[PDB]
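Enquirer: Got a structure for you, written out below as structure tokens; questions coming shortly.
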DNA sequence: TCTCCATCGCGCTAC
DNA sequence: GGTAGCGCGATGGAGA
Ligand SMILES: Nc1ncnc2c1ncn2[C@@H]1O[C@H](COP(=O)(O)OP(=O)(O)O)[C@@H](O)[C@H]1O
Ligand code: NA
């Protein structure tokens, strides 16, 4: 039940003090919804880190993608080195890798019950279904030295919380027994296992151990062993659960036969039986999450348990890039219901599998205690519910928001080519946005023809190779990058002095108030930052973006002359 | 009611 | 009875 200790070589600067203080004040006044309107490049992760430290609550931060999530996580481990900073997302291949991520998920949920100083960076996997956090906590095996317990009953418990007996391939989520030593590999650890040495019905010693080399690392007075699955139930309840699944199965197979669908019924039966055979062995299976209703014995159509429930009631939520993350959350349920419904109709799953689902937005709302939305361009939900906004526009470095010229489309490419050439001579980079992948590739060709070092960047390119291209631009291998909608949230490249927005009047999600400001922001990390919008008209979106950027530059200039 | 891009999750379908 | 690699719905925001 510890305390956050913020570790930074610097202290709040710019308008971070007023931002940190207004947020902390609102949290202490019990304000449910708050918005931090923080321009790109102002120290937002540091700002938030200060708020978290001053209210000292377990906090959940939700990001809309994992590149950002991973960045936030690495940064928050830096700022809070002696605190529990965790990561709760699911599988991806840009940071085995699959087991590393399952390990962190268990490390996240266990940390919530062990200590108070916890920060969990998460994707929308945070609103997907888990098993009861009550069952998970009460099934924890709490081991103390000189404790009256039978080696007998310890092993009974471990199996029921999903550790596999395995004397040979001793990996995480397993345990092995040699004579009087039961050795355990917690699901939250990748390197350290637990040695538990018995003498009759008494534990004589407990040792933290490097599982690979056997190097004893030290002693332990006590140790808590959490379950190796988030969908754990008591063996007591499995007997009735398997009955209720069997009953659900026959009813469903009758539905299928009464509509023909013999191929679907055979498919369903084969699969359910296999899962049932496994449930009478241990308790788990391949797709165990789909039997959550029956396993937890809960009323049908119940609200699922999520990561939010594993948090204490007085927790804080930070929504990063809220203008994008909130719409992501909102549409998850209907999409899920639809994909699951096709599986039930084709005999891949029982209808009870619909209860294994993500929260609705309404359900999510009710699980919120206190929340802070963080966006340079917050959406209508955030503004509607928050009492005004906490504006953070003075960057700590004093870097200004860029200037924005509007130029005609006629002769635009040749204008841009000329403009790029100037930047090459000043050892500066350029970013261009177009409307499609095709146009991006076509333009990249045309620039290569004109003696410009150029490469494209869009969703067809895999994440690993994107890192390379972003590095190459920085190193000066490329001078220009042409994209569509990846020159956005979280692309921090200070070598870029020019952003060129082609088809700036082609209104829609690619050219809205929100996306324009976000794109403009890529030129705010440079002291000569400049933006050019090629267009024959100034759309309502362009108007607002130019207007807001002009206000920020003027205000920032006003600050810089005052403070040297 | 479709398009443009880019993201998440899940889970079938081939290695 | 092991897993990476696709395909799927929803979302922003307008045009058509
Ligand atoms: N209060 C501060 N004093 C000095 N430097 C800071 C402060 N806050 C942030 N920084 C640094 O300034 C740089 C730019 O800020 P950054 O945190 O990237 O802004 P954002 O994350 O909002 O885009 C970062 O490398 C960060 O380490
Ligand atoms: Na909209």
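We number each residue from 1, going along the chain as drawn.
Backbone N, Cα and C atoms are what each Cβ position is placed from, and that goes for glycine too.
Sharing the features that Swiss-Prot gives for it:
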type	residues	note
BINDING	A:38, A:39, A:40, A:41, A:42, A:43, A:44, A:45	ATP binding site
Enquirer: Comparing the binding-site residues A:40, A:42, A:45, which residue's C-beta has the most other C-beta atoms within 10 angstroms in this structure?
Expert: A:42
Enquirer: Given that 17 residues are missing from the model between residue A:95 and residue A:96, what is the Cα-Cα distance between those two, in Å?
Expert: 10
Enquirer: Tell me, by DSSP, whether residue A:38 (ATP binding site) is helix, strand or coil?
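Expert: The residue in question, residue A:38 (ATP binding site), is strand (DSSP, three-state).
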Enquirer: Are there residues of the same chain, six or more positions away from residue A:43 (ATP binding site), whose CB falls under 8 angstroms from its CB, and which are they?
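Expert: Non-local contacts for residue A:43 (ATP binding site): A:13, A:14, A:16, A:395, A:396.
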Enquirer: Under 8 Å Cβ to Cβ from residue A:38 (ATP binding site), same chain, six or more residues apart: give me those in sequence order, or none if nothing qualifies.
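Expert: In sequence order, A:19, A:44, A:47, A:374, A:375, A:376, A:391, A:392, A:393 meet the Cβ cut-off.
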Enquirer: Taking the Cβ of residue A:41 (ATP binding site) as reference, which residues of that chain separated by at least 6 in sequence fall under 8 Å from it?
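Expert: Result: A:395, A:397, A:399, A:492, A:521, A:524, A:525.
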Enquirer: Determine which residues of this chain, when A:38, A:39, A:40, A:41, A:42, A:43, A:44, A:45 are set aside, have a Cβ within 8 Å of the centroid of the ATP site's Cβ atoms, and list them as they appear in the sequence.
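Expert: Other same-chain residues near the ATP site: A:47, A:376, A:392, A:395.
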